[PDB]
Amino acid sequence: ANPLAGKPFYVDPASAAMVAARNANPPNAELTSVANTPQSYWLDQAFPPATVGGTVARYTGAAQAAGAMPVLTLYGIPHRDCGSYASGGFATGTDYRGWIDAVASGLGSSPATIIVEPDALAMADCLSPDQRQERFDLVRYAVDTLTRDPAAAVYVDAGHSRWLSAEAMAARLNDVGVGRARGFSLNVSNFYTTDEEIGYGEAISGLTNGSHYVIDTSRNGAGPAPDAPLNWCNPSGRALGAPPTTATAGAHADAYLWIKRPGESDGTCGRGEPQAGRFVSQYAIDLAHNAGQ
Ligand SMILES: CO[C@@H]1O[C@H](CO)[C@@H](O[C@@H]2O[C@H](CO)[C@@H](S[C@@H]3O[C@H](CO)[C@@H](O[C@@H]4O[C@H](CO)[C@@H](O)[C@H](O)[C@H]4O)[C@H](O)[C@H]3O)[C@H](O)[C@H]2O)[C@H](O)[C@H]1O
């Protein structure tokens with residue numbers, strides 16, 4: 001059955017959006033709307049192996065106390081973002097493996113939804129063949145280790161419908177053992193329509209023995225900006241998409257989620273915009289305004 005049905009997704013009471021919504025004077029409807037929508041909590045190399053277990057146990061335990069499903073995004077892969085606007089990640093594969101062990105220690109047997117490494121499989125071609133195989137081994141390590149929590153619903157990130165082909169991405173998912181996980185994620189931090197991503201997801205599902213998937217609908221209410229380089233990097237005219245739900249329109253779509261947090265910058269984007277991940281109230285307000293809120 002769908003592991004994501006049956007309780008609400010957790011609203012992070014300390015998100016940057018919630019801090020902005022509480023500080024707004026006077027109160028701002030757009031920030032309040034975004035703040036009260038469940039998103040995902042992103043972890044990276046800022047949370048070292050030595051302590052990330054406690055961070056994860058705290059978050060999953062808080063979600064359980066709220067009667068809710070936490071969604072965690074792991075974004076620590078070595079050579080993260082191929083050294084671009086969201087550069088980061090752990091220095092070596094050894095470090096990353098230790099990090100994954102620690103995350104799993106903190107999960108225990110607790111309910112969680114885990115989005116494994118946005119962009120890692122899709123962007124792997126920037127790496128040399130040996131670095132690419134290393135990366136695939138690290139993603140496989142994450143799948144094999146994280147799924148030891150029976151209550152973790154694990155989705156390996158698989159890019160989007162305008163990145164790799166369904167066949168190319170299914171090959172990579174099969175190589176990292178997607179069969180052991182619940183499935184894969186699409187559209188993370190991007191803007192493609194839900195309908196387009198369902199078609200792509202169903203294709204990949206067919207090529208991975210019926211795996212299930214989630215779609216990031218955080219910013220896809222108006223579809224993508226016109227085809228141009230960097231059209232994914234803080235584009236204007238985008239809108240919040242469908243709020244998180246398991247009432248989806250795809251046979252193997254477990255949920256629409258907000259994986260990317262609306263309002264966070266995608267990067268400097270060749271325009272001196274805020275560093276990747278920094279919350280910008282104006283960005284959240286514009287996304288909500290464009291959705292008619
Ligand atoms: C001169 O060299 C050529 O440059 C052009 C333009 O840069 C290259 O073409 C672009 O190739 C891309 C494949 O690498 C694709 S798909 C496009 O890929 C980028 C990554 O390169 C993706 O960006 C990432 O998007 C994520 C969100 O979905 C972010 O989280 C992440 O930080 C981004 O880096 C993007 O989503 C994909 O759509 C282009 O369509 C193409 O224009 C060309 O290959 C070079 O030879």
Side-chain angles (χ1 to χ4, degrees), residues 39-45 71-90 115-129 131-132 135 139 155-173 184-194 196-201 203-204 213-241 256-280 283 287:
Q39 296 161 44
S40 72
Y41 189 80
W42 290 58
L43 301 173
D44 68 3
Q45 77 295 326
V71 186
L72 293 142
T73 298
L74 303 183
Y75 193 48
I77 204 71
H79 320 304
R80 195 181 73 183
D81 213 42
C82 302
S84 185
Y85 303 117
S87 71
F90 286 95
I115 308 299
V116 182
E117 298 297 338
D119 308 334
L121 296 184
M123 208 187 290
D125 292 323
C126 82
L127 303 174
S128 74
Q131 284 172 323
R132 287 179 191 190
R135 172 167 288 188
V139 176
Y155 298 89
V156 177
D157 188 73
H160 62 64
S161 62
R162 306 256 187 106
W163 201 338
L164 304 189
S165 75
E167 295 81 1
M169 184 49 84
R172 297 180 191 196
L173 287 168
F184 59 97
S185 54
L186 299 175
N187 217 30
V188 174
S189 309
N190 215 299
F191 305 90
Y192 297 102
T193 65
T194 297
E196 184 178 328
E197 304 318 284
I198 289 168
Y200 185 68
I204 293 178
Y213 60 89
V214 294
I215 298 165
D216 193 350
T217 57
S218 56
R219 299 190 295 173
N220 79 343
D227 206 349
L230 259 53
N231 74 332
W232 48 266
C233 208
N234 296 327
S236 65
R238 304 311 94 212
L240 302 175
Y256 308 153
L257 300 174
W258 285 13
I259 302 177
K260 168 75 185 194
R261 292 197 160 193
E264 284 184 14
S265 178
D266 299 308
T268 54
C269 297
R271 286 189 306 267
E273 288 165 349
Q275 185 200 25
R278 160 90 10 72
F279 186 81
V280 184
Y283 286 6
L287 287 161

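In this chain, numbering begins with 1 at the start of the sequence shown. Atoms within each ligand, like the ligands themselves, are counted from 1 in listed order.
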Student: For the pair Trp42 (side chain) and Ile259 (backbone), establish whether a donor and an acceptor sit closer than 3.5 Å, ignoring hydrogens and angles.
Tutor: yes
Student: Return the set of residues passing side chain to side chain contact (heavy atoms under 4.5 Å, CB included) with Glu273 (not counting sequence neighbours), or none when no residue passes.
Tutor: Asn234, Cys269, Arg271, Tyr283
Student: What salt bridge (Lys or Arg N to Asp or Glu O under 4.0 Å) pairs are there with at least one residue in residues 216-231, not counting sequence neighbours?
Tutor: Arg219-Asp266
Student: Using a strict cut-off of under 4.0 Å between a residue heavy atom and any atom of ligand 1, list the qualifying protein residues by chain and number.
Tutor: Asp81, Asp119, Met123, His160, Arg162, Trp163, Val188, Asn190, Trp232
Student: Could you work out, with side chain to side chain donor-acceptor pair (under 3.5 Å) as the rule, every residue matching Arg261, not counting sequence neighbours?
Tutor: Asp12
Student: For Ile215, does its backbone N or O pair with a side-chain atom of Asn187 as donor and acceptor, under 3.5 Å?
Tutor: no
Student: Mark yes or no for whether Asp119, through its side chain, and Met123, through its backbone, hold a donor-acceptor pair below 3.5 Å.
Tutor: no
